[PDB]
Amino acid sequence: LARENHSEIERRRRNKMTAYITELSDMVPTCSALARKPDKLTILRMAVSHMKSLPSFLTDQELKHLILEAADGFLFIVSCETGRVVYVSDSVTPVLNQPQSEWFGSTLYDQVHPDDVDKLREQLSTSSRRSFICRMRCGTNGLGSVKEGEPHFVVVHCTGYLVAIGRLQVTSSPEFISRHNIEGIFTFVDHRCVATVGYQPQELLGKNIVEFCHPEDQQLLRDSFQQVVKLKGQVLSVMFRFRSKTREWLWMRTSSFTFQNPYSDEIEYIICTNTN
Amino acid sequence: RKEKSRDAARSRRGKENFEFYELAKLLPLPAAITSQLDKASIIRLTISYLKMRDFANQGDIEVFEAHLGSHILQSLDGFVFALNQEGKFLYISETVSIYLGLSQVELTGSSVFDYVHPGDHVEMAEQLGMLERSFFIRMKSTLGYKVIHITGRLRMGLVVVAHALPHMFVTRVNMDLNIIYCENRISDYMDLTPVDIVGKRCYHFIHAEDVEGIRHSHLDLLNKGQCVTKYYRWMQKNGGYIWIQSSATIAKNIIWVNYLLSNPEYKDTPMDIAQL
DNA sequence: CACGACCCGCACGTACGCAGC
DNA sequence: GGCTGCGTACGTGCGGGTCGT
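Residue numbers (the entry's author numbering), protein chains in the order written: chain A, 89 to 142, 156 to 228, 259 to 271, 291 to 311, 337 to 349, 362 to 463; chain B, 59 to 118, 148 to 217, 264 to 276, 287 to 298, 314 to 324, 336 to 420, 429 to 453.
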């Protein structure tokens with residue numbers, strides 16, 4: 089039971105090994121430009137020759166750039182009492198749009214969001260590792295709809311021991364959306380309605396959507412709502428007339444579905460996406 | 059006949075072994091482990107080194152610099168690695184040995200699929216195509288799997319920073346995200362106190378444009394045991410919302434670690450009916 | 001730190017496939 | 001076709017490895 093197991097283990101080792109040999113053959117360009125396949129020995133002599141021709158595997162540059170491509174990460178070092186940025190890597194430029202000179206010498210308190218100073222303060226103290264989340268200024291955003299001509303504060307993830340890598344987590348920063368009960372009562376109205384239908388959100392809340400519907404499409408609205416109740420998580424869209432807060436009938440497509448809890452599977456509400 | 063074969067073949071094995079161990083000696087690892095090293099792991103490392111340099115150069148005051156590598160690497164709360172168009176680790180920092188117990192020499196060269204939990208294979212083969266990247270997997274931890292969260296970008315080859323899992338407050342909730350327990354400290358940051366949130370579930374409080382994302386995170390939590398949500402908006406009792414990011418685990430009571438991100442934005446207009 | 005329990009690596013010896021005076 | 005330089009593939013035997021009750 090050990091002779092065959094072992095002869096086949098060794099065969100596996102020969103296929104494997106010679107596969108490393110032939111795989112490395114077309115790596116070192118000496119063997120990939122040559123006419124025919126060389127001697128194994130001479131192959132790996134070429135390999136050590138061309139390998140000698142050149156902190157593990159990667160240089161400081163390649164590991165910096167790899168942190169940057171990886172997750173928008175840049176190194177910085179500040180003081181643990183003052184906040185004086187005594188070092189920053191140049192990766193800050195393709196991360197925040199700050200020149201390296203506006204960041205070197207200044208304070209981290211001065212670079213974060215005014216509200217994000219307290220927590221930042223709670224970082225430069227005592228009474259060892261560190262990791263926190265803080266907004267930072269862009270210059271020349292990732293936390294909410296971009297405001298009208300305001301500065302841009304990203305959400306930087308800071309780790310370190337103060338020596339820190341600050342990395343962006345881009346995959347997290349995200362007509363008008365609403366919620367309803369199974370009777371179609373507005374249980375939520377996103378603010379976009381103000382510019383979408385004109386009302387204020389409280390001016391819809393508590394009320395039924397069929398109230399704002401055209402008397403000729405209301406029955407359709409009810410049958411549809413009952414249907415998305417009866418479709419489970421399946422989506423259903425309907426186009427109807429909506430009486431805005433200015434005396435006008437806007438044609439409005441709204442897709443909606445019921446939100447069934449991923450665990451208990453209960454109806455939380457019905458989500459509407461009301462678009463003109 | 060064979061005497062010539064005995065000593066001639068022993069000579070060939072001699073030349074062989076000498077080439078192998080000098081090739082090993084030149085590796086970017088210190089003399090300590092590059093000296094006494096496995097014979098096949100030699101060609102693993104060399105192959106992944108040429109593959110990784112090709113990988114890097116085919117794509118787009149004195150102290151804080153001399154230890155650039157160890158500062159970047161030991162500042163991050165995870166390990167950083169680079170794959171290729173096939174899945175082979177073309178690089179991985181030594182620091183992975185901290186969080187998974189895996190040897191850098193052992194992982195450099197092997198297919199990533201070898202060290203990820205099966206059943207989550209086709210997810211990752213999906214994610215490498217087999264431009265941003267962000268997902269949860271399960272990796273062989275020898276300290287029998289860890290929930291590894293990875294973020295990175297895909298260039314033909316992925317590049318990833320990854321971290322492990324076991336101005337903030339903790340909530341205990343059921344599996345359906347029904348708030349069971351809650352710390353008092355929420356009155357620090359939010360309008361309600363641990364009684365007017367307990368009883369109802371998380372979904373009556375998420376901003377209705379995020380409920381999609383939080384739903385997906387609920388799924389991933391459910392199937393893999395751990396999760397981190399995206400930057401979302403938790404509505405306040407009076408109006409608006411505040412930004413939260415939660416590290417959540419199971420095994429069964431969900432614990433929901435809410436990292437605070439911002440103050441109450443847009444506190445006038447009411448969104449939900451729970452704000453009237 | 002034992003002990004067969006092995007498993008895995010390693011090299012050894014040899015057997016089969018190709019050049020050529 | 002003799003037989004030798006030259007090289008890769010096969011199988012097994014040995015010494016250094018890690019578990020387990």
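Just so you know, even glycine gets a beta-carbon here, dropped at the ideal spot from N, CA and C.
Where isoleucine 109/A sits in the DSSP three-state scheme: Taking the first residue of the first sequence as position 1, residue 109/A is located at position 21. If DSSP states are grouped into helix, strand and coil, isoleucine 109/A belongs with the helices.
Taking only three categories from DSSP, how would you classify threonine 441/A? In the first sequence, counting from the first residue as 1, residue 441/A sits at position 254. DSSP places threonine 441/A in strand when its eight states are reduced to three.
Helix, strand or coil for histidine 367/A? Go by DSSP, reduced to three states. Sequence index remark: in the first sequence, residue 367/A carries index 180 (1-based). Reduced to three states, the DSSP call for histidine 367/A is strand.
8 Å is my cut-off, CB to CB: does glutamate 442/B come that close to chain A? Against the second sequence, residue 442/B aligns to sequence position 265. True, the Cβ-Cβ gap to chain A drops below 8 Å.
I need the boundaries of the alpha helix (DSSP H) containing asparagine 75/B, first residue and last residue. Locating residue 75/B in the second sequence gives position 17, counting from the first residue. Taken as a continuous stretch (DSSP letters only), the alpha helix (DSSP H) holding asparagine 75/B covers 61 to 83.
Buried or exposed: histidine 378/A, going by 16 or more other Cβ atoms within 10 Å of its Cβ? Taking the first residue of the first sequence as position 1, residue 378/A is located at position 191. The residue is buried, with at least 16 neighbouring Cβ atoms inside 10 Å.
Local conformation of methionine 211/B per DSSP, three classes: The count along the second sequence starts at 1 and reaches residue 211/B at position 124. Residue state, collapsed to three classes: helix.
Pull up the distance between the alpha-carbon of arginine 64/B and that of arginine 70/B, whole angstroms please. Position 6 of the second sequence holds residue 64/B. Position 12 of the second sequence holds residue 70/B. So the two alpha carbons sit approximately 10 Å from each other.
Drop a sphere of 10 angstroms on the beta-carbon of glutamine 212/A, count the other beta-carbons inside from all chains shown, and report buried for 16 or more, exposed for fewer. Numbered from its first residue, the first sequence carries residue 212/A at position 111. Buried: at least 16 other Cβ atoms inside 10 Å.
Is the number of C-beta pairs between the region 214 to 221 of chain A and the region 117 to 129 of chain A that are closer than 8 Å three or more? no
Since I believe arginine 370/B is in contact with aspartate 389/B (beta carbons under 8 Å), could you give me their beta-carbon distance rounded to a whole number of angstroms? Numbered from its first residue, the second sequence carries residue 389/B at position 220. Numbered from its first residue, the second sequence carries residue 370/B at position 201. Going by Cβ atoms, the distance from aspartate 389/B to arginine 370/B rounds to 18 Å, so no, they are not a contact pair.
Which same chain residues end up closer than 8 Å to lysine 109/B when comparing Cβ atoms and leaving out the 5 residues on each side of it in sequence? Locating residue 109/B in the second sequence gives position 51, where the first residue counts as 1. Here the set comprises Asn171, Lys175 and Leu177.
Any heavy atom of the ligand ADP closer than 7 Å to the beta-carbon of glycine 156/B? Absence of the ligand ADP is noted for the structure shown, with no ligands found whatsoever.
With DSSP as the reference, label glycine 165/B as helix, strand or coil. On the second sequence, position 78 is the one that residue 165/B refers to. Three-state result, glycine 165/B: strand.
Show which residues of chain B have a CB atom less than 9 Å away from the CB atom of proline 200/A. Within the first sequence, the letter at position 99 stands for residue 200/A. What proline 200/A touches in chain B: nothing, since even the nearest Cβ is about 18 Å away.
Cβ atoms of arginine 260/A and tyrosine 188/A: under 8 Å apart, would you say? Position 87 of the first sequence, counted from the start, is the residue given in the question as residue 188/A. Position 129 of the first sequence, counted from the start, is the residue given in the question as residue 260/A. No, Cβ-Cβ distance for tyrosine 188/A and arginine 260/A is not below 8 Å.
Mind checking if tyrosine 188/A is an interface residue toward chain B, Cβ cutoff 8 Å exclusive? Against the first sequence, residue 188/A aligns to sequence position 87. Yes - at least one Cβ of chain B is within 8 Å of the one on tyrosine 188/A.
Between the beta-carbon of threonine 441/A and the beta-carbon of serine 424/A, is there less than 8 Å? Within the first sequence, residue 441/A is the residue found at index 254, counting from 1. Within the first sequence, residue 424/A is the residue found at index 237, counting from 1. It is a contact, given that the beta carbons lie within the stated cut-off.
Residue-chain proximity (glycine 393/A, chain B), Cβ-Cβ < 8 Å: For this step, residue 393/A is matched to residue 206 along the first sequence. Yes - at least one Cβ of chain B is within 8 Å of the one on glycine 393/A.
Which residues DSSP lists as bridging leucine 390/B, in chain order: Locating residue 390/B in the second sequence gives position 221, counting from the first residue. According to DSSP, which records beta bridges pairwise, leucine 390/B is partnered with nothing at all.
Using only alpha-carbon positions, find the residue among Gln344/A, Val338/A and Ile369/A that is nearest to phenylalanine 151/B. Sequence index remark: in the second sequence, residue 151/B carries index 64 (1-based). Comparing Cα positions, the closest option is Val338/A.
Going along the chain, which residues of its own chain have a beta-carbon closer than 7 Å to the beta-carbon of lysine 419/A, five neighbours each way excluded? Position 232 of the first sequence, counted from the start, is the residue given in the question as residue 419/A. Within the same chain, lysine 419/A has close Cβ partners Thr445 and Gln447.
Closest residue to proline 86/B among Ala451/B, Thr195/B and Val209/B (Cα-Cα distance): By one-based count along the second sequence, residue 86/B stands at place 28. Residue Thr195/B is the option with its Cα nearest to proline 86/B.
Give me the subset of the region 167 to 187 of chain A whose CB atoms are less than 9 Å from a CB atom of chain B, sorted by chain position. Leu167, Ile168, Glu170, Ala171, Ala172, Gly174, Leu176, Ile178 and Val187
Distance CB(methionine 448/B)-CB(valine 376/A) smaller than 8 Å: Position 271 of the second sequence, counted from the first residue, corresponds to residue 448/B. Position 189 of the first sequence, counted from the first residue, corresponds to residue 376/A. In this structure, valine 376/A lies closer than 8 Å to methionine 448/B by Cβ.
Would you kindly work out how many angstroms separate the C-alpha atoms of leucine 407/A and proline 449/A, rounded to a whole number? By one-based count along the first sequence, residue 407/A stands at place 220. By one-based count along the first sequence, residue 449/A stands at place 262. In a straight line, the C-alpha of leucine 407/A is about 29 Å away from that of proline 449/A.
Which chain A residues sit within Cβ distance under 7 Å of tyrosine 178/B? As a working mapping, residue 178/B is identified with position 91 in the second sequence. In chain order: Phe158 and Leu159.
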